[PDB]
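The sequence lines fix the lettering, A, B, ..., with proteins before strands; numbering per chain opens at 1. First listed ligand is number 1; within each ligand, the first listed atom is number 1.
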Amino acid sequence: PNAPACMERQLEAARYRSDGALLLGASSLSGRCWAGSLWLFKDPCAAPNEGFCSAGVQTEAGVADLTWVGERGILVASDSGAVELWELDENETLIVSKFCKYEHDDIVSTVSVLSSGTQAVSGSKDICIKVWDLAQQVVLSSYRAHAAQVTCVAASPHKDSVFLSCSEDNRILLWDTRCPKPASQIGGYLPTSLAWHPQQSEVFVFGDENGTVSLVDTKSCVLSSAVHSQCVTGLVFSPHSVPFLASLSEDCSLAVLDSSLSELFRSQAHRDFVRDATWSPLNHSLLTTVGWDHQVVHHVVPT
Amino acid sequence: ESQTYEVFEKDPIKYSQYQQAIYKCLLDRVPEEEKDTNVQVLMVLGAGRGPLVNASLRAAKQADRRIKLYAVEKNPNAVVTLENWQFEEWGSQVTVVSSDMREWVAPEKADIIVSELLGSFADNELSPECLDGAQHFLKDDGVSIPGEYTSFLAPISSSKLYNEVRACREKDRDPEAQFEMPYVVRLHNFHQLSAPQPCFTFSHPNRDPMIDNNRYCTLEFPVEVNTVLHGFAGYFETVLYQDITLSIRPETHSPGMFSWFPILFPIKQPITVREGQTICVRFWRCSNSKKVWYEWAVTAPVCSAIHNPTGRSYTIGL
Amino acid sequence: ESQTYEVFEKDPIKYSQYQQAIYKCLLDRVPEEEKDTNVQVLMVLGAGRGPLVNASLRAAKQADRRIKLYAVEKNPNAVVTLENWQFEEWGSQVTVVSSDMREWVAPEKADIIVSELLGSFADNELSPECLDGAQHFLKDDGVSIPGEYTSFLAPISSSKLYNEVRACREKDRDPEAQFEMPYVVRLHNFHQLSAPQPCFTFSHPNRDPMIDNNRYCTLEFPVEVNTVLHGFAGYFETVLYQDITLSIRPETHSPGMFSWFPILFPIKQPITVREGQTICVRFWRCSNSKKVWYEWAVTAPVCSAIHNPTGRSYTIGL
Amino acid sequence: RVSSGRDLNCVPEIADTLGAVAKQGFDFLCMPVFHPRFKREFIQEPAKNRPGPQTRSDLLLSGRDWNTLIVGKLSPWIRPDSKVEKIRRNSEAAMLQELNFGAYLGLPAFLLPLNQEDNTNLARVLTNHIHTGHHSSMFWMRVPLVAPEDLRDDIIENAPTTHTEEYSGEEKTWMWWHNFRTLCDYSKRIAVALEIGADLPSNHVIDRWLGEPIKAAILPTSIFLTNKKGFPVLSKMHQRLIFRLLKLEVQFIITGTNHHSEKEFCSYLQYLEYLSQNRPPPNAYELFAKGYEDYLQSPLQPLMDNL
Ligand SMILES: Nc1nc2cc(CN3C(=O)c4cc(F)ccc4[C@]34CCN(Cc3ccc(F)cc3)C4=O)[nH]c2cc1F
Ligand SMILES: Nc1nc2cc(CN3C(=O)c4cc(F)ccc4[C@]34CCN(Cc3ccc(F)cc3)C4=O)[nH]c2cc1F
Ligand SMILES: CSC[C@H]1O[C@@H](n2cnc3c(N)ncnc32)[C@H](O)[C@@H]1O
Ligand SMILES: CSC[C@H]1O[C@@H](n2cnc3c(N)ncnc32)[C@H](O)[C@@H]1O
């Protein structure tokens, strides 16, 4: 279908867009060639079959993280130390490279798009965090705030200048590019994943390496719960008015939590690391997970 | 290491014999009328980087018979090579197993097991113990390749090699430990005092109740010259299937093959030997649950001390 | 040896505690109404010359409960003692088994297992490994005596003991091997620089999936005096059942008992320690399929070399 | 003239990568043996029973290529001194696996990081590997001149950078090294790969590394200034350091992306060559001495002995 013959084993990311087309990133973390790829599925249930895809392309290197940039654009965190932007064509069959700037000195491990949609922030294994402009295709600022590998960065949903970050230096940093000193440290185990609350601009949650999911307010007093037995890789809120939090880990399980961090759903469907989750915009009770076992499981969440 | 497997693979005569050995065994076990009905279950025990897997594929193609391959290998570094080959080249016909053959719980019994677990003294890599432990998942009418192997010994006079061993004395161990351990060596400046004689033999599959791999062998070597004994050169022969053999015994040496140099069992003190006298050597293969080792002693024309008692100086790890 | 078992048996306090431990466990497991219906299956794992068998008999009589005894013992020399006792005294109530507990295929599951596999550092006789291997023939609601044991460490200054270890240098091994191995010693002319702290703990029956007996423990010892560290004294505590305990930890030492002297982990080089400084020691329990050993290192106030890496100087045989 | 290599943490095709690196004049290539992000489980199911190959085949290069042109790297996720018991145990098994594979390939060197104070369990595992089998493979400990915490940008509002002169505190990275090599009992297989930062520390901090086994000097691309022509150069501070390092005859490694995008990547190396040629030449002393550097010889006794 005007795309690579075969995609890679380790599925790294999975995102839904407005209408409900499932974006897929995948990396080869084993074998001769260690590259990555991007895929589109207008039919979510056809995944991850390469013969039944809308779009697909082979990248130069592996895909560490990606995110939906509107409906056409795809932003990539590459191992080469480059942030890559791809754009779907008008037909939405091909995927042409928009830009591919090698600015990071090491693997780019996390990326997130800011409110405006013309800007994004990246985090690398090198300590730098960089602010990008997608229009001019240049780095606006470069910040060496942490003292270790930047694990996760997360843009504020409704604030352009604000974003979170976390690193192996055991620092959760709340940023604001308006301040002269933008970073601000939020007061045991290393932070691995971040997620802003969709309805509340002052609230966020973070998962650690020990498996604890936590609930933090900007003002202060925090709530938490031992959800997973191993490191929490990602945290994604549902599109509901009263949101459910989907948590995913390296213990090869999925858990859906309520507002009070209480376990609602459990799914030991994956046999390998669970890498990403994405709620279906059409059906809010559906949730799609991807893992290194090369499964694309669709979960019926009781809501 | 990788380059240790590399030099093994750079011996095409050995694998051509293995190819031919399997080729014949396929024809004997599977008739012409059951060509595409019967799929033979082969199991390469100790697959390494997979020269036998390949040979088994070639053997099946020239024979024109169906096979199902396993590739058991304990070394996890080599298993990386196997799986990359298996993904790219072989496919689902070869099932790479990353395990000890003595431990592995087989999901199927084998018609043939193929191994390459032989050193310069045949059983010095504990091929007996490994294949005994892998024997349970062989069919009651199953074949082993090799089906048999024997070790040979011959007394040698070499003032050079004696003086070479002497110089392997190391800090923080017995002063004479170097004399109580075998060496792999291309024997050049030496004198073979008597013709090689068989020492230890092993048959697979072993069907002797309470299988014991401990041994004790007395050899008498008629000497026809005055000389001074310094050690015993070791060789081996192996029967792969029937008339398919490998050998490093000088008189029956496989031509061109260079995958095994001879082994040398030294002695602490040189022993003078007059013409007409018989050199009498005694060789033990000993073991416990953890180790296997050899001991040896000269008993004629004069007695030596027993070498390597309790494997103090040299053991082979189980 | 016989006289090694003799001196073990010449400690009546230990066995009275074992007697009392079993006594209580019988009462808890068997109610009054099931006195002559329920026969408890006891299994002494490592029976020796049978002090526990006897204690188990006494415990059952004072409790007035029915028991069925096994006496598993691997040492065949001791089994001679057991069988002669069993024939003359015990009878068919005691079933003497001559086997390893890790190997033995039990014809019945146990309600209680009783063991005496503890050394001066508790787990230095590989009680964890043995009881893990004997765990399968324990009932799902079965008890182990001891049910738990812990090892303790305390830094010591002794220019005497340091100089004593020094003088254990032997031919034909590492010049500093003597410093990388523990010693059982009645510590007399020494100074305990800090209070003992717990090092390694073990619970039986172990219910942690994929049971791992490897460990790594960091201890910080606050020193309140100037001194020179020469090693670490080792002690242990064990919980037999509940409030029934044995201990050689000085502060909680069982009164009268003399069946375990303290153990000593030396260091190659003495380390000066000022008042107010913290001595930081690191202890590993390591293992492979054949051996178990300890490694250790001081990290504060100055670093020492890691002692006994890969069990080069000292191993405990499996 | 100068022996130089290339550090990469991204190798999509091992054969193609070398070709590019070799064309740019580099002598060897520092790269991972397992994919940096390929995190592996060894205890908990079902991730421990992950199928398929764990990394690349050894057949992709010749034995000689592995032996001379490749330097191994420990994967970044491996943290043997983690506070979490699970991550510790996993990192132990992973560290041995990677080190064993390094020895299998017969690599001449292997990089391990010293990026924190406590590297005790790291040292305990490495020492065990050294005393398992026999190998001549060196181990280059990646240690920075200045710790990452001490060269971070002062851009955190409620956590300002230490503006105090801490004489002992600025020497901390040496103490990281000292403790590590002491634990390992001065193994001759363990050497330093000294990572040079943007801002060089005080002179005393640099003098600390005199008499230490420095085998490599890692140079990031970020530390390079740009001249009027528009090509990479170094400061007069860094120039004096490189001049000192050339006397020790270390192997210079280049790490990081091409910040000088307009020019080739050879330009970085060409500058080190430029510095190599432009040094004070060896006098009659150093001409003759060249060969006997730190070579122990017994004092002559022409009375007792006849020369
Ligand atoms: N399982 C196997 N074991 C074995 C066991 C062997 C013999 N062997 C050693 O024991 C040994 C020990 C050493 F330190 C070094 C080399 C060897 C050899 C392997 C190769 N070689 C011949 C040679 C070497 C060098 C050469 F320039 C020409 C020829 C030996 O003498 N070859 C096997 C092949 C298998 F498949
Ligand atoms: N399984 C058992 N293990 C153990 C392990 C121990 C301690 N131990 C040694 O390790 C050891 C090593 C030696 F070379 C010599 C002696 C010991 C002892 C056993 C006796 N004794 C005390 C003592 C000795 C002499 C004395 F005049 C007074 C008192 C120890 O110190 N006692 C057990 C009893 C069990 F049932
Ligand atoms: C090709 S040389 C012989 C091969 O057999 C392997 N081997 C030796 N003993 C065993 C065993 N018990 N189980 C599995 N493989 C083994 C060795 O790792 C080597 O790769
Ligand atoms: C009474 S001292 C401990 C006793 O336990 C025995 N023992 C130790 N390990 C085992 C084992 N694995 N199986 C059986 N007996 C054992 C020893 O031989 C000793 O007599």
Check each N or O atom of ligand 4 against all protein N or O atoms and list the pairs under 3.5 Å, with atom names and distances to 0.1 Å, one per line.
residue  : atom   : partner : partner atom : Å
ligand 4 : 12 (N) : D100(C) : OD1          : 2.9
ligand 4 : 13 (N) : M101(C) : N            : 3.0
ligand 4 : 15 (N) : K74(C)  : N            : 3.4
ligand 4 : 18 (O) : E73(C)  : OE2          : 2.7
ligand 4 : 20 (O) : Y5(C)   : OH           : 2.5
ligand 4 : 20 (O) : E73(C)  : OE1          : 2.6
ligand 4 : 20 (O) : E73(C)  : OE2          : 3.3

Contact residues of ligand 1 (heavy atom under 4.0 Å), by chain and number | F8(B), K14(B), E116(B), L118(B), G119(B), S120(B), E125(B), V184(B), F258(B), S259(B), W260(B), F261(B)
Has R49(B) got its NZ or CZ under 6.0 Å from the middle of the six-membered ring of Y5(B), at an angle within 45 degrees of the ring axis?
-> no
Charged N to carboxylate O below 4.0 Å: is that the case for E108(C) and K68(C)?
-> yes
Side-chain donor-acceptor contact under 3.5 Å, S254(C) with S247(C) = no
Is it the case that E237(C) and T245(C) place a side-chain donor and acceptor less than 3.5 Å from each other?
-> no
Are side-chain N/O atoms of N213(C) and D132(C) paired as donor and acceptor at under 3.5 Å?
-> yes
Scan residues 112-123 of chain C for pairs that pass salt bridge (charged side-chain N to carboxylate O under 4.0 Å, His left out), counting only residues two or more places apart or in two chains.
-> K14(C)-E116(C), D123(C)-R285(C)
Could you tell me whether the side chains of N54(B) and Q19(B) share a donor-acceptor contact shorter than 3.5 Å?
-> no
Across all chains, not counting sequence neighbours, the salt bridge (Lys or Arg N to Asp or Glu O under 4.0 Å) partners of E170(B) are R173(B)
Parallel, tilted or perpendicular: rings of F137(B) and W104(B) (30°, 60°) = perpendicular
